[PDB]
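A look at the structure
Here is how the chains run, residue by residue.
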Amino acid sequence: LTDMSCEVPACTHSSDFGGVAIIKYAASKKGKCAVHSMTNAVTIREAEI
Amino acid sequence: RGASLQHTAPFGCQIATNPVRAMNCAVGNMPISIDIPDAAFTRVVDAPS
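Note on numbering: positions run from 1 along each chain as its sequence is written and may not match the entry's numbering; residues without coordinates are not listed. A letter from A marks each chain and a number from 1 marks each ligand, given out in the order of writing. These chains belong to a larger assembly; the values given apply solely to the chains on display. Only hydrogens and water are set aside; all other atoms, that is, all heavy atoms of the structure, feed into the side-chain values. Residues with missing side-chain atoms are left out of burial classes, side-chain pairs and their counts.

In its metadata, the entry names cryo-EM as the structure determination method and reports 5.3 Å as the resolution.

Focus on the overall build of chain A
Runs of H or I in DSSP of at least four residues are treated as helices and runs of E of at least two as strands, each being numbered from the N terminus. In terms of regular secondary structure, chain A is built from zero helices and two strands. Considering only C-alpha atoms, chain A reaches an extent of 35 × 20 × 15 Å along its principal axes. Any two residues whose heavy atoms approach within 4.5 Å are treated as being in contact. In chain A, once contacts between residues fewer than 6 apart in sequence are set aside, the share between residues at least 24 apart is 11%.

Points about the overall build of chain B
A tally of regular secondary structure across chain B gives zero helices and two strands. Overall size of chain B, expressed as C-alpha extent along the three principal axes, is 70 × 20 × 15 Å.

Focus: the environment of A:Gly18
All names here are of chain A. Locating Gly18 in the fold gives a position in the loop between β1 (2-11) and β2 (19-26). Considering only alpha carbons, one finds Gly18 and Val42, 24 residues apart in sequence, at a separation of 9.4 Å. Filtering out sequence-adjacent residues up to four positions away, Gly18 remains in contact with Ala10, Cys11 and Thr12.

Thoughts on unusual backbone geometry
A cis amide bond links B:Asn18 with the next residue in sequence, B:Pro19, at an omega value of 0°. Turning to its location among the elements, B:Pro19 is positioned in the loop between β1 (14-16) and β2 (21-23). Its identity is not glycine, yet A:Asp3 carries a phi of approximately 70°, on the positive side. You can see A:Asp3 is positioned in strand β1. A positive phi angle, close to 65°, is found at B:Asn24, a residue other than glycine. Within the secondary structure, B:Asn24 sits in the segment after β2.

Some remarks on the environment of B:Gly12
Residue and element names in this part refer to chain B. The residue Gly12 is located in the segment before β1 in this model. Taking the C-alpha atoms as reference points, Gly12 and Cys25, 13 residues apart in sequence, are found 6.4 Å from one another. Discounting chain neighbours no more than four positions away, the residues touching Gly12 are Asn24 and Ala26.

Shown next, in the form of structure tokens:
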């Protein structure tokens, strides 16, 4: 996963998963890579893309 | 009988009686509140970029 450029199209401070983050990332191989919340204040709804 | 309100209508009104109604009274600010449905509100994940 190289050149993962993330733009936050959706950001509400709300109770649900109010973060909508579109990361254009270049995959070296086709597969499910884990998504890790680097921010403790965020919660990634999905796990592997 | 003289000129009536149909001729002498100041303010750009359109006076028409029986019932007495000034259609096209060109004056004021018209407060209109549109409570619209939520279904039009398609966010950036839904929208074209």
